[PDB]
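Below: one structure, written as structure tokens.
Ideal geometry is used to build each Cβ from the backbone, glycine not excepted, and the neighbour counts take in all protein chains shown. FYI, it's all coordinate maths here, none of it is from the lab.
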Amino acid sequence: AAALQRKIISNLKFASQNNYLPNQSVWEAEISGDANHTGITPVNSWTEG
Amino acid sequence: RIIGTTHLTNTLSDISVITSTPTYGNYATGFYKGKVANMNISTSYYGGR
Amino acid sequence: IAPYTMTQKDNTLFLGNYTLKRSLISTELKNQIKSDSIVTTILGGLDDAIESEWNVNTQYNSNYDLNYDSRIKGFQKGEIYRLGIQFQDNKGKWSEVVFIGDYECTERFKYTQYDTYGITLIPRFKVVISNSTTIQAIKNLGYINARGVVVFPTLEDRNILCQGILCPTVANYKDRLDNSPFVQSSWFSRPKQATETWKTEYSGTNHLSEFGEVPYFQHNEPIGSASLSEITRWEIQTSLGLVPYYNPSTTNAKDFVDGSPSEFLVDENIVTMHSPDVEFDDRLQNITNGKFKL
Amino acid sequence: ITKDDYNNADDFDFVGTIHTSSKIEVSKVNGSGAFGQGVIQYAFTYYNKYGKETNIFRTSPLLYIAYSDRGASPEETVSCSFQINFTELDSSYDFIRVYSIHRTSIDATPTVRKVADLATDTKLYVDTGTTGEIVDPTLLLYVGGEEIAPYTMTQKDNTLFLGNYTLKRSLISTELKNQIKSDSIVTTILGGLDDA
Amino acid sequence: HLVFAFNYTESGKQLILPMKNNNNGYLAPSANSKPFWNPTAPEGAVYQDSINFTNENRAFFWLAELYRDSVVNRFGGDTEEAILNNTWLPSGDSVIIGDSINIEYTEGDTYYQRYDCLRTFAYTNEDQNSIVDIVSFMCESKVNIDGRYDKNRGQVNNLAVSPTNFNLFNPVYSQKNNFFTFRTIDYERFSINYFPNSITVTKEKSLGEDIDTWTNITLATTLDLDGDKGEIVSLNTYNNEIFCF
């Protein structure tokens, strides 16, 4: 009874404005000589699979 | 004439089970998918499996 | 053309032994213009300068820029652009280009949504030449006007590939142990919160459901919980909020996961960048192991 | 007769001469461009402005128009671009011409394109598939032309006539062929690519 | 979309997006507890930094950029030689050369438009549980995002949206100033401009309300005489026939 058939949820987050960091506080994954700030793996584009 | 061999290292395996009728147990789990052989090339000992 | 002789038959003019009078700019003057160019980047805008169509009194306002000219285009802040300058004769004939140098932008776009209007600032280069000798030399060549000319960068030589938000991913416990999937796109987008007051909101009667539910966005926080104080946050019915951490001296990994194998964890260590260029430009959807920095 | 730097007897022949040892390598850049699926081969030839034209002195090997991780369907267009790295060109010539033999099947009539007429001192050029005039495949054999020993000439309507001509064909004598065969020390080696 | 992963720290921990103003950090593990996917992990097994950014006081996504550091031979080379092979485009309105030249490059190549990323949609139209997730935000792009010609924009419903309905795109609006394009010219290169044996021919004078065809020379109907007789000394007409000396 009251068995589910089809339920759907929608969401549209709206960003009315973008706040940009000053040059000093920019975050970079790579900082040479920094043990913690290691970089990024090779980028990959996902399409279907 | 046999000239060489093949260095098997891993095997990518998958399983799928579909049943016409439901499970016998009213609260049974049904099809359970376990871990089998989906390992990197580095673990070459378990090759040809 | 500088012909030598003419005839006139059937209302048609003939012109023989002609020289194509081509007027060029000497190399020394080109170098002088290059040296005398004081190029700077400024934050300009459109003539209107006030977009009253957009206000904060509405659920959604699409910033539509096709009702203006093509001067809406700007310059990426970290990009390199090969700039130049042209000159116009008394007839409207544009001269060749005078390469002045490759110059990097230094100001980004800026959209600020005020109560009743929004202000957008478009970065623009600005070349200033004040050496009166150079200007007089240019005028002596018959030039009157001047215009900006640029070579835009191709995708191969671009410093910037794309720009977009960062969305945390999610991973199931059993699949992650199996590594069939290890991560996957989050069905819900998971923004970070600027403050920690939402934690106090999820306590007692403070949280009214009409405000909306903040998703599970912390790194290893399970998507789920047993606390009824935050029940509306639950995204999966079969979740128990099992933490993805176990003591190796007590239980194995498989045994620990078997307590809730259908439990999911967030993953901010592996992300999914969503840029418009990837969706719209089909050349970025075929990247395979591209070496880039973030 | 308005040039006074003639130093060799081959400077006067109809077909141009190449003095420098051109080294032109072609590599595939992936990510930008618009090419058709198939294999592509590049051919080069110098030519003076209003002057002579050399034969096809260098031809690149076949390059594959495919994706960075898979082949291309017969009906797919690939976003590839080929960078041409010229080195030690014959600067005495006004231009260096670039061709592109494109095959879309097995032993099919290719689609020759006239890519560009670059200066003989340029060091790099990236060939996106957009630009280029589709020339007939058969005129890659007419580049430079034959070497004939005519007897008389005329000149009507800016066209040159050449009568009683001998096709100067230069062959290799049988004894020299046999000497080359005997003097050939052929061996098999285990080489690799430049990257390695 | 694009998917990548931060590299582990040199100590073996995980690198994570920084937490703004040291708020809402990662879930720290208990003592002597390891992740189930990495038993051989260091204590804590997580590294996270913070950015002292105060202008943002609401929820946000870290807006980021795929930086590329080394680019050899950007536009084919830095020399005049490479610049010769480049194609140039106009940018900005023409200004008069007075006591000084002040140019302003109005038209570039980057836009700044609202982008609605349909991150997630339904696997099928008959399944039980499906999710639709959209993130509308402003971003910089080289593609005219406002060319989206579908009317399913900024609506609360967003229930039946899909790649077939939500983000249809008309590429034409992302067009450059390609029609009028110029390029650099070498001064010392010798390109001839003298044609002693050549006759240009204009169009027959219309004698209607349009331009004078004689003043408009296009060199589209040239005619070259033999160069081994001499330059064109004179052209004359006699009884309906042109004669060239």
Of all residues in segment C:96-151, how many are surrounded by 21 or more Cβ atoms within 10 Å (Cβ to Cβ) and of a type in the set (A, V, I, L, M, F, W, C)? 14
Starting from residues that are among the acidic types (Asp, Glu) and surrounded by fewer than 22 Cβ atoms within 10 Å (Cβ to Cβ), keep the ones in segment E:134-161 and report whichever is nearest to the other protein chains (Cβ to nearest Cβ). E:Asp146
Assuming C:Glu213 fulfils every condition listed in (1) within 20 Å of A:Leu12 (Cα to Cα); (2) touching a residue at least 24 places away in the same chain (Cβ under 8 Å); (3) not β-branched (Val, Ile, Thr) apart from one, which condition is it? (2)
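The rows are residues; the columns are (1) at the interface with chain C (Cβ under 9 Å from one of its Cβ atoms); (2) surrounded by fewer than 17 Cβ atoms within 10 Å (Cβ to Cβ); (3) more than 18 Å from A:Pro22 (Cα to Cα).
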site: E:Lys20; (1), (2), (3): yes, no, no
site: E:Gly25; (1), (2), (3): yes, yes, yes
site: E:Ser30; (1), (2), (3): yes, yes, yes
site: E:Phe36; (1), (2), (3): yes, no, yes
site: E:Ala41; (1), (2), (3): no, no, yes
site: E:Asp49; (1), (2), (3): no, yes, no
site: E:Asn55; (1), (2), (3): no, yes, no
Could you please find all residues in segment C:140-178 being over 17 Å from E:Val143 (Cβ atoms) and polar (S, T, N, Q)? C:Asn140, C:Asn145, C:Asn159, C:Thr169, C:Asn172
Residues that are under 17 Å from C:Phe109 (Cα atoms) and of a type in the set (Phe, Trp, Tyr): which strands (runs of 3 or more DSSP E) entirely in segment C:1-96 hold 1 or more of them? C:80-88
Of all strands (runs of 3 or more DSSP E) fully inside segment E:86-175, the set with 2 or more residues that are free of Cβ contacts under 8 Å to residues at least 24 places away in the same chain and among the hydroxyl-bearing types (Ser, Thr, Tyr) is E:129-141
Filter segment C:123-148 for residues that are part of a helix (DSSP H, G or I) and not polar (S, T, N, Q); which is nearest to C:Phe109 (Cα to Cα)? C:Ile135
Please go through segment D:1-43 and give me each residue that is touching a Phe, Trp or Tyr at 6+ places or on another chain (Cβ under 7 Å) and assigned to a loop (DSSP other than H, G, I, E, B), ordered by number. D:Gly16, D:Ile18, D:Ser22, D:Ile24
Within segment E:5-18, which residues are under 30 Å from C:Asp281 (Cα atoms) and surrounded by fewer than 20 Cβ atoms within 10 Å (Cβ to Cβ)? E:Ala5, E:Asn7, E:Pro18
So, in segment A:16-49, exactly how many residues are of a type in the set (A, V, I, L, M) and under 30 Å from C:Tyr114 (Cβ atoms)? 2
Identify all residues within segment B:34-49 that are within 9 Å of the chain's Cα centre (by Cα) and surrounded by 12 or more Cβ atoms within 10 Å (Cβ to Cβ); write none if there are none. B:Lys35, B:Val36, B:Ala37, B:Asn38
Can you confirm whether segment E:109-130 contains a residue that is surrounded by fewer than 16 Cβ atoms within 10 Å (Cβ to Cβ) and more than 14 Å from chain A (Cβ to nearest Cβ)? no
Considering each of C:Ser95, C:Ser130, C:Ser52 in turn, give the residue that is at the interface with chain E (Cβ under 7 Å from one of its Cβ atoms) and of a type in the set (S, T, N, Q). C:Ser130
If I filter segment C:179-203 down to residues being within 25 Å of E:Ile131 (Cβ to Cβ) and hydroxyl-bearing (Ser, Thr, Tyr), which single residue comes out as surrounded by the fewest Cβ atoms within 10 Å (Cβ to Cβ)? C:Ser180
Checked against (1) buried (at least 17 other Cβ atoms within 10 Å of the Cβ); (2) over 29 Å from C:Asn145 (Cβ atoms); (3) touching a residue at least 24 places away in the same chain (Cβ under 8 Å), E:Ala64 satisfies every condition except (3)
Top-ranked residue in segment C:245-294 [being hydroxyl-bearing (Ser, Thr, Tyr) and within 10 Å of chain A (Cβ to nearest Cβ); ranked as surrounded by the fewest Cβ atoms within 10 Å (Cβ to Cβ)]: C:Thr288
